[PDB]
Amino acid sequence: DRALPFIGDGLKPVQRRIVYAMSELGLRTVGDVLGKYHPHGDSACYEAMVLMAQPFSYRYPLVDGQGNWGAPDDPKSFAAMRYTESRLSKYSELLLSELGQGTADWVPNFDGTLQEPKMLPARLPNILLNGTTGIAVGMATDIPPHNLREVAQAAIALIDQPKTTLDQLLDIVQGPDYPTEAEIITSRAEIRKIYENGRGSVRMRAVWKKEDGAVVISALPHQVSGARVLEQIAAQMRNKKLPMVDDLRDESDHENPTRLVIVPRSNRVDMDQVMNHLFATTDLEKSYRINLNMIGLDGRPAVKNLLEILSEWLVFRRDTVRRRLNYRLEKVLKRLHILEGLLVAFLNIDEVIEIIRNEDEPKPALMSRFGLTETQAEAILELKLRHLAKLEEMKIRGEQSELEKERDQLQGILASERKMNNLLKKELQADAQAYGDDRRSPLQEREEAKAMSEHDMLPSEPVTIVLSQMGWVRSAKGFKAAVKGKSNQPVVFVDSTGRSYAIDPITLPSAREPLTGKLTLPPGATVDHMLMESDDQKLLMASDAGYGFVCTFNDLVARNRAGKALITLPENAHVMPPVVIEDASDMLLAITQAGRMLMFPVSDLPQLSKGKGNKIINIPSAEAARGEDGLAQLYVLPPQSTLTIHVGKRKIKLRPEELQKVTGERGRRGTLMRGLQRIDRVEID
């Protein structure tokens, strides 16, 4: 319930018992088997058992489950289930193979009848491979499952070099590997902060596609049912939200395990926008808490690192192996001890018999001379005379010669940090190849999900907006002014006083209404320009007085009928045709009524939101008012391009080489160019 797992085998006391109970060393129903090491009807055992029997619970199941095992986390009697129906999985061999080899400490059964292992001799770090379970909340720990092969290789790298940094390990260990083909979307940089602190969170997202018209979800985030997300998307439609979604059906089979169809209203629904709202508001994308809290080899609870986890596990695996070999060693050293004592009798029979014959207590007397032990002397006393035959001795010298070969073998490995390391790698490598499998949850960073407002759910379909000289607005479909875009984004106009206005294209009639009868305008003011670009689009606002500023399209969006005091016009000044900045690296070009040119990078004129703005090109105030001099042309254009300036029938050509000659500091009056007045047009080559 609240217990942490062990670092050695990655099991809580309950799981360990369930696994051990089913091992070869559980030597008639299922209750019979579990009841042997578990209290009858015990609740925690029940839940832990049920969990183990289902797929998508463990990344590497310890049991092959077969049947229903009880509707949910409510009851199903283990007395109704045959012992046959539960089987330990091949993966389990990792935990149990080495049990009879002096590799675990043994403590009493739940009721003092039997004995059970304190720990299990896991060959691979199950702690990481399987981690914790249930993904509830208010757990004391949260360990994600990892890929066996990644971790294996990562443990191997650490045997070869303990000073292996985390970065090197994260070039092997990608991150959690969940029993689902849904993606882990969190940054690899963020997936690193987790493994340095042993704590954080990881996010997943359902895998989807567009199947002509509708959307098909094929893979779902770890432990979220089709029913769950399909329920949320349905509540969003039941509410006057998600109006773009027409139908929703669950077409899951056995051909397609998790096929969910989301049918949009029409053909021109931006389903990426929809999908990006759903990941933000449904479990089609989900956070998973990570807290690598566990019990260490020092028997203390501690949240630890990927490094720390893998190191400390290594010292446990080493210890486990030390034991495994020694278990054989002790068993071989003993027989050699015995064989020697027997061999002492063969060479000294006349003497050994004579002492057996002539003295009171033969044994103590036999270990005195010969220098034997109270166990060699015993073996000598138990010798049948038939064992004293030549042929019998040759059997003994043989067995002895093998067992001294084997003894050196084991002792050599047990005396070498290098030989022992070669051994562990080879086992780790073989186990990786034997019990391993490919990655399931791929790491794919994705465009972060964002919810939309009830505003940007509305229709949205291609429209061309037209304002003509007559002062009338005509919103068309798919002469003075024409602009591009969707139907939900607004259309801006700017008046001859320096005010911006927003109108919705939904309010304007078709290609078959006066603008003055839509906007509250200052006395006499004419509507000069019209704009329609992305909300965040960069713009250059300016006045023919020579002042201006950079701003975003948003800073022009004034929805209220009065308008917004945007750019302030000096005496008798007019608003310049606004420039759409299409790259911060572009150049600004200023041309004056007298024929002076200045150029500077547009990322050099301050960004404001309203006001007179700063100087762009110097023209005396008095001279501007009288319409004498003043700013006539203003362009933001790609760097190092060529222009043809039209002055009537004349086409004065300007290459980047002549433009490098008018490049200067902002606010300067700029260099004068001969006969460059009354410019009719400026084209960009």
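Residue numbers run from 1 along the displayed sequence.
Enquirer: According to the entry, how many residues of the deposited sequence fall between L27 and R28 and are not modelled? Options: none, 1 to 3, 4 to 9, 10 or more.
Expert: Unmodelled stretch: 10 or more residues.
Enquirer: Count of coordinate-less deposited residues separating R512 and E513, as none, 1 to 3, 4 to 9, or 10 or more?
Expert: Gap between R512 and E513: 1 to 3 residues without coordinates.
Enquirer: Tell me which stretch, 574-582 or 222-230, has the higher mean Cα B-factor listed in the entry.
Expert: Stretch with the higher mean C-alpha B-factor: 574-582.
Enquirer: On average, are the C-alpha B-factors higher in 319-327 or in 522-530?
Expert: So the stretch with the higher mean C-alpha B-factor is 522-530.
Enquirer: Per the coordinate record, which of the options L307, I396, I465, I380 holds the highest CA temperature factor?
Expert: Largest recorded C-alpha B-factor: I465.
Enquirer: Looking at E402, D408, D495, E116, which has the highest CA B-factor as recorded?
Expert: Among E402, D408, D495, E116, the PDB entry lists the largest C-alpha B-factor for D495.
Enquirer: Just say lowest, middle or highest third for the CA B-factor of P264 relative to the other modelled residues in its chain.
Expert: Middle third, going by the recorded CA B-factors of the chain.
Enquirer: When the modelled residues of the chain are sorted by Cα temperature factor, does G102 land in the lowest, middle or highest third?
Expert: CA B-factor rank for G102: lowest third.
Enquirer: According to the PDB entry, is the CA B factor of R249 in the bottom, middle or top third of its chain, that is, lowest, middle or highest?
Expert: Its C-alpha B-factor belongs to the middle third of this chain's values.
Enquirer: Going by what the PDB entry lists, where does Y91 fall on CA B-factor within its chain: lowest, middle or highest third?
Expert: CA B-factor rank for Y91: lowest third.
Enquirer: Looking at the C-alpha B-factor of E351, is it in the lowest, middle or highest third of its chain?
Expert: For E351, the deposited C-alpha B-factor lands in the middle third.
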